[PDB]
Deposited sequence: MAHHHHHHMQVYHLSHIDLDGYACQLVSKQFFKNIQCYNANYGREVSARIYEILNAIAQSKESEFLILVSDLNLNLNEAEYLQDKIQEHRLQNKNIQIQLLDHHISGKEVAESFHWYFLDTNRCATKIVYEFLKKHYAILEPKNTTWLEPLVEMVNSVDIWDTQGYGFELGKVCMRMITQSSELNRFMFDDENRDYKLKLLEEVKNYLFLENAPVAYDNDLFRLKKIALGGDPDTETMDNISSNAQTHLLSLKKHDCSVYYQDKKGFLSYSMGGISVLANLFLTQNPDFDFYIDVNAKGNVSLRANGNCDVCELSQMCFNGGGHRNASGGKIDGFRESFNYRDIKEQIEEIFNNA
């Protein structure tokens, strides 16, 4: 029983790598990163999880990301401190040329998308869990390859463009707050393309079916619910399980703190209705800007001018945290709110 830790990028190529890897590994935890700070955070998370595991065989798999020399050095050095740990990086970005030729585990091929590199590496070394799936999995891989390298003649090119936009626009589950549910959703949507690959007009057929499919994958009923209520309902349900970690206290009022969620009017109104014990909702983004909402039980205009140099209305307001310190660790973000609220 070998434990796989799979870190990948966030676009179609990045998530398709993880569709592929889940076809091979019964014991796998996935991670995603966009830019460099997030990549380092995920590498720390992965090494931390491996240090705390009780298993003995491990594979660190990194796809569709390039590391700078310092992060590649850190990875190599860290796994030789105080367990059998294999590492394989698969990528196609020419920016990593120098780093690739300094590490035997760092593999660069600029002529293929990362998903195809992952597939051929895993297929050479591991049995696919369900050998019937190959008849749709290899076409799906090739489709991703064709659009990623923009081969207008390659198999599945036009359908792949639909899938690329699908991945970009399936943002109904905030990635920071709901990392696993965000990945499951996108991967469910991408896998459903297997029911279109062999249609005569696959690109258009999938393109026109996707919206209804998204509503269903989010747990909604597309015949009686709008997308904006399906998305906010799916998110609030996931937020309701986080009440103890995300609770913050301003004077005598209790609030719920989220991060990077953006436009929160529908979301917060629904959360506060379903959870009447909360007085306000507060979301912060990476630049320190703050959105506050209430349902009559907390003047968030007064709150944000006491705490965030801001203003608005009794039930909706904004502001900013000067010197706010971005992070991919939710506790780090919460401590910053707590410190502000503590003197309030």
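Absence of C-alpha coordinates is noted for several segments of the deposited sequence, namely 1-7, 90-93.
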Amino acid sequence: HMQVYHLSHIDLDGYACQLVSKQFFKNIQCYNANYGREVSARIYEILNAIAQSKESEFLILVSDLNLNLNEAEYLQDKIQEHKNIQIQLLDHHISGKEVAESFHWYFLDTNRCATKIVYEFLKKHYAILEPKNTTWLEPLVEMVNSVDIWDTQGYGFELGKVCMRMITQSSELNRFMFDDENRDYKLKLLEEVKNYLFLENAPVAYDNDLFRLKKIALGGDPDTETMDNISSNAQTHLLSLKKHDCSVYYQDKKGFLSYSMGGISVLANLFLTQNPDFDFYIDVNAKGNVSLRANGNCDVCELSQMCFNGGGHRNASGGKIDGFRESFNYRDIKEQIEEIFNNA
From here on, numbers count along this sequence of modelled residues.
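The PDB entry reports B-factors from which the mean C-alpha value can be compared for 253-261 and 267-275; the larger average falls on 267-275. 319-327 and 12-20 differ in mean CA B-factor, and the higher of the two is recorded for 319-327. Of the candidates 118, 79, 141, 189, the deposited coordinates give 79 the top C-alpha B factor. The PDB entry gives the largest Cα B-factor of the residues 60, 298, 286, 65 to 298. The deposited CA B-factor of residue 128 belongs to the lowest third of values across its chain.
Sorting the modelled residues of the chain by their CA temperature factor places residue 307 in the highest third. Annotation for residue 205: CA B-factor lies in the middle third of the chain's modelled residues. Annotation for residue 97: CA B-factor lies in the highest third of the chain's modelled residues. Per-chain ranking of the deposited C-alpha B factor places residue 43 in the highest third.
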